[PDB]
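S.K.: Opening with a subset of the complex:
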Amino acid sequence: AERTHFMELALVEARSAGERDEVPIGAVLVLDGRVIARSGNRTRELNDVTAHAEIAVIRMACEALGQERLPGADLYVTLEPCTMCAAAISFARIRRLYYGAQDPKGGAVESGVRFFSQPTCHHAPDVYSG
């Protein structure tokens, strides 16, 4: 239940991302109480608009585990996920989503399209913000 530690790692990733001129957002993917993936935004570095921290750790964890989805895993992010990441989180079958502040300009969990509450969303995680 080391949530403070999980968020700290995400904050570290966020700071590092900012230093390399990326959007300062970080995330960690946890499975069975252990961090199995960590990352900040890498869209500039990879010339990939989908390389947001959330998707980066989802791809990394899936590669480490050799599975197409992450049922039972928890995702910690420094900022409310956007529309693209919210949908990816749903597709990955993430169990719990923990994030810091809301992002009114582009969020999609409690802000914006509130994807997890829409009829076109077929899977939603637990959501703990702030």
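M.R.: It's in. Numbering: from 1, shown residues only, chains lettered A, B, ... in the order given.
S.K.: before we move on, what SS does the residue nearest the centre of chain A have?
M.R.: A centroid search over chain A (Cα atoms, centre = their mean) returns residue A:54, at 2.9 Å, as the residue closest to the centre. Three-state assignment for residue A:54 (DSSP: H, G, I helix; E, B strand; the rest coil): helix.
S.K.: Excluding sequence neighbours, find me the nearest residue to it.
M.R.: Spatial nearest neighbour of residue A:54, excluding adjacent residues (Cβ to Cβ, 6 or more residues apart in numbering): residue A:85 at 4.0 Å. (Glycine included, C-beta is placed from N, CA and C.)
S.K.: Could I get the buried residue list for the helix or strand containing residue A:7?
M.R.: In this structure, residue A:7 is located in helix A:3-19 according to DSSP states H and E. Within helix A:3-19, the residues scored as buried using 16 or more other Cβ atoms under 10 Å are A:6, A:7, A:9, A:10, A:11, A:13, A:14, A:16, A:17.
S.K.: just checking, next helix/strand downstream of it?
M.R.: Next along the chain after helix A:3-19, taking DSSP H and E as the criterion, comes strand A:26-31.
S.K.: Which stretches in chain A count as strands?
M.R.: Along chain A, counting by DSSP state E, strands occupy A:26-31, A:34-40, A:74-79, A:96-101, A:126-129.
S.K.: here's chain B, drop it onto the model above:
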Amino acid sequence: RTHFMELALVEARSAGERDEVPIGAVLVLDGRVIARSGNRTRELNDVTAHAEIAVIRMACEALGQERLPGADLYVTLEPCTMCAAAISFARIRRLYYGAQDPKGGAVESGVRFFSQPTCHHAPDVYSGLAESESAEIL
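M.R.: That brings us to chain B, laid onto the chains above:
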């Protein structure tokens, strides 16, 4: 457009044969196809590997740029919520797609992303291209 959809359909049928969701897409720039792909989520253990994102990633690698301004994307099925957002981020100029997806779509269906305040860039949308074939192959 006929050639672009022809190729997208080729990718869609191939994806189905690979036990992937039978969806295909092509990325066009200056009237030429610069990327083509079907779904690869199962092959790559990557739920983001939808045809749309695959071609955006490939085209960006081929051009060495983060965004694809002026590019058009053709896909056999209406983009989902994740892809609609990626399409926005990539600054795609025009989006052409075949069949509608009322179950998981996000363009004309569902959240109708391009009409939302949290979307900061919308492509011009054209639907119904080769709808029968696209829908026929799921």
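S.K.: before we move on, the earlier item: elements contacting the helix holding residue A:7?
M.R.: Counting contacts by 3 or more Cβ pairs under 8 Å, 6 or more residues apart in numbering or on different chains; DSSP states H and E, the secondary-structure elements packed against helix A:3-19 are strand A:26-31, strand A:34-40, helix A:53-65, strand A:74-79, strand A:96-101.
S.K.: For chain B, which of those is the nearest?
M.R.: Chain B lies closest, by Cβ to the nearest Cβ, to one member of those: helix A:53-65, at 4.4 Å.
S.K.: Pull the residues that contact that closest one.
M.R.: A:10, A:13-14, A:17, A:25-29, A:31, A:36-42, A:68-70, A:73, A:75, A:77-78, A:81, A:84-85, A:88-89, A:92, A:94, B:45-48 (Cβ atoms under 8 Å, 6 or more residues apart in numbering or on different chains).
S.K.: ok, residue A:51 - contacts?
M.R.: Neighbours of residue A:51 in contact, by Cβ under 8 Å, 6+ apart: A:41, A:42, A:43, A:45.
S.K.: what about residue A:118, neighbour count?
M.R.: 17 (other Cβ atoms under 10 Å in any protein chain shown).
S.K.: Look up the closest residue to it, ignoring the ones flanking it.
M.R.: Leaving aside its sequence neighbours, residue A:118 sits nearest to residue B:111 (Cβ to Cβ, 6 or more residues apart in numbering or on different chains; 5.8 Å).
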